[PDB]
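A short worksheet on the structure shown next.
Please note: Cβ atoms are built from the backbone with ideal geometry, for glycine as well, and neighbour counts cover all protein chains shown. Read the figures in this text as sums done on the coordinates, not as results from a lab.
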Amino acid sequence: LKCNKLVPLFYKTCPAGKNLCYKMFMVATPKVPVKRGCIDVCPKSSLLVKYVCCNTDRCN
Ligand SMILES: CCCCCCCCCCCCOS(=O)(=O)O
Ligand SMILES: CCCCCCCCCCCCOS(=O)(=O)O
Ligand SMILES: CCCCCCCCCCCCOS(=O)(=O)O
């Protein structure tokens, strides 16, 4: 699986154990994400802090 980095223009193949891409952002500023990468478990979303998780090459 390939996932995009903070700057979508760049990416990397996920290591063993992390089969999900994620994008972290504040609900009021969806176009200004704060974190992107590979992860093993989709972080829990809250009222203001959301996480987008998917497993399609560079889907984050
Ligand atoms: C002085 C305040 C700092 C503002 C930070 C501006 C956000 C740019 C960081 C790239 C995040 C990714 O964004 S993306 O548009 O490329 O997907
Ligand atoms: C998301 C954090 C980026 C770390 C910046 C370190 C720069 C060194 C480049 C390593 C390339 C090799 O690594 S790779 O993970 O891209 O395959
Ligand atoms: C999880 C739902 C996926 C549906 C995609 C809809 C995009 C949601 C962005 C909110 C718009 C608001 O933000 S604004 O920055 O444009 O004002």
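Points to keep in mind about this one:
- Descending principal axes extents, the chain, alpha-carbon based, whole Å: 31, 24, 14
- The phi torsions of region 15-26, fed into the Karplus equation with coefficients 6.51, -1.76 and 1.60 and a -60° offset, translate into couplings of x, 5, x, 10, 9, 9, 9, 8, 9, 10, 7, 8 Hz, rounded to whole numbers, with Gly and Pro shown as x.
- You can think of it this way: the chain between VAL7 and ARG58 has 17.2 nm of extra reach, that is 0.36 nm per residue less the Cα-Cα gap.
- Under 15 Å from the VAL27 label point (7 Å along Cα→beta-carbon), backbone N, region 35-60: 44-52
- Check: the chain dipole with +1 on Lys, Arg Cβ and -1 on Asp, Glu Cβ, in debye: 140
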